[PDB]
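If you're matching them up, the sequences are chains A, B, C, D, E, F, G, H and I in order.
With this note's numbering applied, the first sequence has no gaps in its numbers, which climb one by one up to 185 at the end.
With this note's numbering applied, the second sequence has no gaps in its numbers, which climb one by one up to 1067 at the end.
With this note's numbering applied, the third sequence has no gaps in its numbers, which climb one by one up to 2056 at the end.
With this note's numbering applied, the fourth sequence has no gaps in its numbers, which climb one by one up to 3075 at the end.
With this note's numbering applied, the fifth sequence has no gaps in its numbers, which climb one by one up to 4153 at the end.
With this note's numbering applied, the sixth sequence has no gaps in its numbers, which climb one by one up to 5166 at the end.
With this note's numbering applied, the seventh sequence has no gaps in its numbers, which climb one by one up to 6334 at the end.
With this note's numbering applied, the eighth sequence has no gaps in its numbers, which climb one by one up to 7085 at the end.
With this note's numbering applied, the ninth sequence has no gaps in its numbers, which climb one by one up to 8085 at the end.
Heads up, the beta-carbon is just placed ideally off N, CA and C, and yes, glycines get one too.
Presented below is the structure to which this report refers.
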Amino acid sequence: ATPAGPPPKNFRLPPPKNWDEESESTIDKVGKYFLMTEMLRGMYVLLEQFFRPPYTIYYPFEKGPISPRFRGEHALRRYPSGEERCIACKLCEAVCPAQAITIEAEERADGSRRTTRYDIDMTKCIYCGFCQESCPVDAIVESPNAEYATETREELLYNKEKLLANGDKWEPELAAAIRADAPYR
Amino acid sequence: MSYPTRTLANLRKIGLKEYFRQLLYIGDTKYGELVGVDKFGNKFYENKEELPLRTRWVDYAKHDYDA
Amino acid sequence: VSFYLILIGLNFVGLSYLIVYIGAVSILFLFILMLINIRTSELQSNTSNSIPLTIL
Amino acid sequence: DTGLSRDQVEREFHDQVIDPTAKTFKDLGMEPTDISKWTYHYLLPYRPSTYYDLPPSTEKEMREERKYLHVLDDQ
Amino acid sequence: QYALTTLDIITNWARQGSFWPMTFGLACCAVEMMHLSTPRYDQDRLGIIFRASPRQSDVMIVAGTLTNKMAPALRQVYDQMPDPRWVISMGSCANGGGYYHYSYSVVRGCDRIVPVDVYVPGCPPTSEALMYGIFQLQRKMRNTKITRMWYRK
Amino acid sequence: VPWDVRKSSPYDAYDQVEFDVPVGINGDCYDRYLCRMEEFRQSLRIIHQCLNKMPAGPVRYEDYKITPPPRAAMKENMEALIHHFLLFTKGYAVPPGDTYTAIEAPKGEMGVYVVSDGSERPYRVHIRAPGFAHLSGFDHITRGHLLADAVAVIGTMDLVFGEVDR
Amino acid sequence: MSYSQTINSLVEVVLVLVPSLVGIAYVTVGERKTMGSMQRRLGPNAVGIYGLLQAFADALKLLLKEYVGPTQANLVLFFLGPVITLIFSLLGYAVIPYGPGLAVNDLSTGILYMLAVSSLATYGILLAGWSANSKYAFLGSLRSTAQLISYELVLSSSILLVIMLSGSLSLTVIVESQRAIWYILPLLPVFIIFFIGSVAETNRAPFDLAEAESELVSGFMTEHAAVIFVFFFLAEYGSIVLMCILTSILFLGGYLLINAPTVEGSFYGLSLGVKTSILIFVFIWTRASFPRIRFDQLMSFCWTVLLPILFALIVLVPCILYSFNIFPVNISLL
Amino acid sequence: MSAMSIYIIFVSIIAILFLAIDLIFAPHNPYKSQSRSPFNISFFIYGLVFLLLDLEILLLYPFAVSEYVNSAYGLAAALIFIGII
Amino acid sequence: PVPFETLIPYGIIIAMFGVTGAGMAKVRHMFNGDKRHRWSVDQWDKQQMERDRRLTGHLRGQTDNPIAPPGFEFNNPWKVXXXXX
Ligand code: SF4
Ligand code: SF4
Ligand code: SF4
């Protein structure tokens, strides 16, 4: 229990004190018991909080704070020209801790290395950002969006069409979040 | 939790019609400067003297407001 | 019985019945009865055999 | 659905008559079970199981009760 | 017709106004779910009261990983919920298995066990994301036709 | 028992910070409540020291064979791009062997036992959860006592069942 | 008299009963908002303007929810307990004076009427736990019945001390007799004990094992769905308001303050309301402030602390009354 | 018709309405040996001491509404009665 | 600051007591003939009200007349009942 060597100085407690030896007067002792002084003090604390401002925000009219690093709904991004950023490296499919990404690829009609299938199973994804960290072209990113609850589970099986549409809609946020945090990446 | 002086002031700055409409959706008496409007018609406001995280808020264009 | 006593003007004793007999004696009876193991089958006497004596 | 209607009262006088020129479970390779095989399964959750309702204790049961204390006097 | 919509509005307003979930807080999603009752979001301000037993509850929030060993218990409490009732699947694990989809001991989505009305994504969904899903279910109740459904047939 | 893993086997920067270890004497739920309340104050005391002692420099070990290179390096020079590619597809190789490593987690001694086979995947990962040992003692601490005290000791053990079951 | 007696009784009953239920509904809304302000939060603010429709949403939701009764033990017995609890919880409002004699029944035995109807309400709780056919929930309802009868002894012992001062069981006479002084000053320990007993009598925190779900064996009220929950909850809020009204009647001077009939009546009603509302606030205040007492400790508090003090006060007080020639007259006066 | 009789009827009527609503408009579906153990004697004691002490308080209530005529002599007997219990 | 919205239900509760007090005072006063009612009515009080009715017709009626009208000596009500004696 104690470390090896001599006992720590004053580790042994002094002997217990009898009722007779208690250094506290009877009137104080009887008064606290019958008047419940510490319970009254605790109640007084609540009144102090009763007149302090509440912390509540009125969601969805107000929102809590999120950072440029926030990991939400996935999106596929473009270049300013509109070409897809994705070149089917499969780095995000390999690093994915949950095996949520499935990719197929060949040469496009113009001979470019592009995907034919890019699915993310949002009911397998653990929202960790590893794909976004592994992507060498900033193709896969997590948007700040978190309000996309769905009626059916099939609506959470994102294919390439769903993900490229998400990137088209969210691009100004995606660029702003990349703009703020890229120095730290 | 508005407090009397806050709600009385915002009432004077907004009027009773606006006050009651605001009481019908957000359930508070809020007043601030119009920051802008989005494509859907939502109006966004700022007031830096509000409580933390309550300094920005949206008035939704649609009755069935959704986030 | 308590309601009967109240309506004829015996208000104190009628309320005493409510407080004492229903309020405490009956509560004690149900506590003990509802804690003990009872098989209703073990408690059924053939009441038809007691009907002629019941009339007499 | 009240389980009760004009055409339902009329329906209870009628008696199921089985067409003899119609395919049966035989044709499908099936052998229907009798309803009395299924009442206990489907109605078991509707039989009372309160302690009040067990049949009286056997003499075997009466004797073993005397091996236990039936009230906690220390509690 | 107008009368039956009025009762429809009235009965739906009550279902939305007193939204009482039975939080089956299986794992870490229950922490985000527990943060909806705290001062910042104060679900009670909207009428949400968490209930311990399924008997008093209208909605089941499956917030956590459902193991095979636990599934019979989840089915049992769902069966003990009075109608009208709803189920919200919250989190990747409850939705489709999540990080443990390939585990020998995990149900690959609670919709294998109970029917689900709303799926909330995230591992974990934020407290606001959970609130968004509850809003969707309230909008679902608000559009539920009850007296007009019987009136159609 | 005066024992803290941060004191007995220091890790990270706990040897560079000052803090006290609350210790009870009656081994009951009240002593354990008072130790945890004082741990609040020592945690805040450590955080203030970390704010002032925070040094400058990198936050990731500077070998791109173990940690991923900065994104600007990965898009700029050949060596960084290769190391980025390999770390996110194969992963870094860990020298073979085994170790039991423990820390003073908020719920007690958390340990992990890892066996490495030399490859990029661990051969064996076993997690020592303090809540597992604590709940295994529930019978020992509760036998002979009142049912109305069980909620007190379930709460006195810091019990999260993701720890217990894993 | 001037108009029909039946019309008068209709109107008098409607004036007491209907606004009472409105007040009971908003005590539940006020409980949520008071604990919220104390908890740095808002409480109901969305169901109706300022959350003023929250209790009506709750009641309608539960009244349209499906009930899940026991395994067909009995239809009558299952509802019998809830019905008894609600009816007798509300019956005590009929002797409350909203002004001198301004009660549904201006009864000379009124104090004993209030005690009787409270004793008949404990039956519903006990008859519910048994009817649930669950030996786990029966023990909790049994413990709740033991707590209710034990603290009924605390309340009727405290009330006996007030009757010694006023010499009457008429609630009106008790109030009139406080124009001399509110009984909270001469009977200050009794008022504190009576308020504590009223909290325990209502299964309210810190005496709230009946609804406690975190305690392993507690939570008897927690298995009550739909209509049965409405019955039990309405009965409890109804008793909370009535224990606050009776506390104001006995110790805070009732309807007394600190020419037209309408305004005199309004002021008497308002003064009783202000005093009742303050005790409702304190009632909410203690639930938010304290942890929960164990069943064995709360029974020991009643039988080894409160009752021994009260029986000591039962000796002292009449001795003081005799020694100062202040034994009151028991005839109709005031 | 006495205000107390109408009050009792109305309170009963409220209870029936609440039952009626949930019986008529709420949904209804057919959603519907035992071990034994000794019980705790403390439950019998709580009821026993409550009842016996409830009777003694009842017996003192006449004194509180008769203190003036009872005066000193009736107070002695009340004090004797209180001392014994 | 002061959270007024939390205090609104208390204002409703306080106002409900006032409504009952004002309403009960008004209807009782109209019932009594536009005069304040009686309370703590004992047997002497009830008898005096019956004697007031057999002078004026109204249980609350007053007259300062030193001489009773003719037929007063004949209108003392003997009450009849069938069972409870
Ligand atoms: S998203 Fe990025 S990492 Fe994944 S395949 Fe496309 S380019 Fe490679
Ligand atoms: S966030 Fe993580 S789990 Fe989800 S797809 Fe990207 S790598 Fe896979
Ligand atoms: S989805 Fe993620 S956060 Fe939610 S329970 Fe599963 S692992 Fe935990």
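- [ ] Compute the distance between the beta-carbons of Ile2027/C and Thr6145/G, then report whether it is under 8 Å.
- [x] yes
Open item on the list: Looking only at its chain, what residues have a beta carbon closer than 8 Å to the beta carbon of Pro5068/F, apart from the 5 residues adjacent to it on each side?
Closed with: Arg5060, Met5074, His5083, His5084, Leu5087, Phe5088
Open item on the list: Using only CA atoms, which one of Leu6216/G, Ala6046/G, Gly6253/G, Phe6088/G lies nearest to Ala5150/F?
Closed with: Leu6216/G
Open item on the list: Can you give me the C-alpha to C-alpha distance between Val4106/E and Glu104/A, rounded to a whole angstrom?
Closed with: 28 Å
Open item on the list: Report the CB separation of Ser6168/G from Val7069/H in whole angstroms; it is logged as a contact under 8 Å.
Closed with: At roughly 14 Å, the Cβ-Cβ gap does not stay under 8 Å, so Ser6168/G and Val7069/H are not in contact.
- [ ] Would you list the one or two residues that DSSP bridges to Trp1057/B?
- [x] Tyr1045/B
Open item on the list: For a cutoff of 8 Å on Cβ pairs, would you count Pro5002/F as touching chain A?
Closed with: yes
TODO: Assuming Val5005/F and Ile5103/F form a contact by the criterion Cβ under 8 Å, report the distance between their Cβ atoms to the nearest whole angstrom.
DONE: 6 Å
TODO: Please list, in chain order, all residues of the same chain as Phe5132/F whose beta carbon is under 6 Å from its beta carbon, the five residues on each side excluded.
DONE: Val5164
Task: Under 8 Å between C-beta atoms of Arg1021/B and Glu62/A - done: no
Task: Reference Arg6143/G, options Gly6129/G, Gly6023/G, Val6154/G, closest by Cα - done: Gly6129/G
TODO: Put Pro4021/E into one of helix, strand or coil per three-state DSSP.
DONE: strand
Task: Cβ contact (3+ pairs, closer than 8 Å) linking the segment 49 to 63 of chain A and the segment 151 to 161 of chain A - done: no
Open item on the list: Please tell me whether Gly6238/G and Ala8022/I are closer than 8 Å, where the distance is taken between their beta carbons.
Closed with: no
TODO: Classify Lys160/A as buried or exposed, calling it buried when 16 or more other Cβ atoms lie within 10 Å of its own Cβ.
DONE: buried
- [ ] With a cut-off of 8 Å on the beta carbons, I'd call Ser7033/H and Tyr3051/D a contact; round off their distance for me.
- [x] 7 Å
Task: Short CB-CB distance (under 8 Å) between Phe51/A and chain I - done: yes
Open item on the list: Is there a C-beta anywhere in chain G that falls below 8 Å from the one on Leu1023/B?
Closed with: yes
Open item on the list: If you follow the beta strand (DSSP E) that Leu76/A is in, where does it begin and where does it stop?
Closed with: 74 to 76
Task: Distance CB(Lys6065/G)-CB(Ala7026/H) smaller than 8 Å - done: yes
Task: Interface residues of chain H facing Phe2031/C [CB-CB closer than 8 Å] - done: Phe7043, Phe7044, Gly7047
TODO: Measuring alpha carbon to alpha carbon, tell me which of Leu6077/G, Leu6063/G, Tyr6093/G ends up nearest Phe8017/I.
DONE: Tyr6093/G
Task: Interface residues of chain H facing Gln6178/G [CB-CB closer than 9 Å] - done: Neighbours of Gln6178/G on chain H: none; closest Cβ ~16 Å, over 9 Å.
Open item on the list: Against chain H, does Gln3008/D count as a neighbour if the rule is that its beta carbon must be under 8 Å from one of theirs?
Closed with: no
Open item on the list: Let me confirm a value: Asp4044/E is counted as buried when at least 16 other C-beta atoms fall within 10 Å, else exposed. Which label applies?
Closed with: buried
Open item on the list: If you follow the beta strand (DSSP E) that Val141/A is in, where does it begin and where does it stop?
Closed with: 140 to 142
Open item on the list: Please determine whether the Cβ atom of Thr4065/E lies at a distance below 7 Å from any heavy atom of ligand 3.
Closed with: yes
TODO: For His3014/D, count neighbouring Cβ atoms within 10 angstroms of its own Cβ and tell me buried if that reaches 16, exposed if not.
DONE: exposed
- [ ] Going by CA-CA distance only, name the one from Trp5003/F, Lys5090/F, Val5112/F that's closest to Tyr5100/F.
- [x] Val5112/F
- [ ] Give, in chain order, every residue of the segment 4046 to 4072 of chain E whose Cβ lies closer than 7 Å to some Cβ of chain G.
- [x] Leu4046, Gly4047, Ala4052, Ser4053, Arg4055, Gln4056
TODO: Indicate the three-state DSSP secondary structure (helix, strand or coil) for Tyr6151/G in the structure shown.
DONE: helix
TODO: Please work out which residues of its chain come closer than 7 Å, Cβ to Cβ, to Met6221/G, disregarding the five sequence neighbours upstream and downstream, and give them in chain order.
DONE: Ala6210, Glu6211, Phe6232
- [ ] Give the straight-line distance between the Cα atoms of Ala6180/G and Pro6186/G, rounded to the nearest whole angstrom.
- [x] 11 Å
Task: 8 Å Cβ cutoff met for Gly4098/E and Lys124/A - done: yes
Task: Any non-hydrogen atom of ligand 1 within 7 Å of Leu174/A CB - done: no
- [ ] Look at the alpha carbon of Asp5117/F and the alpha carbon of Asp1059/B, and state the distance between them as a whole number of angstroms.
- [x] 60 Å
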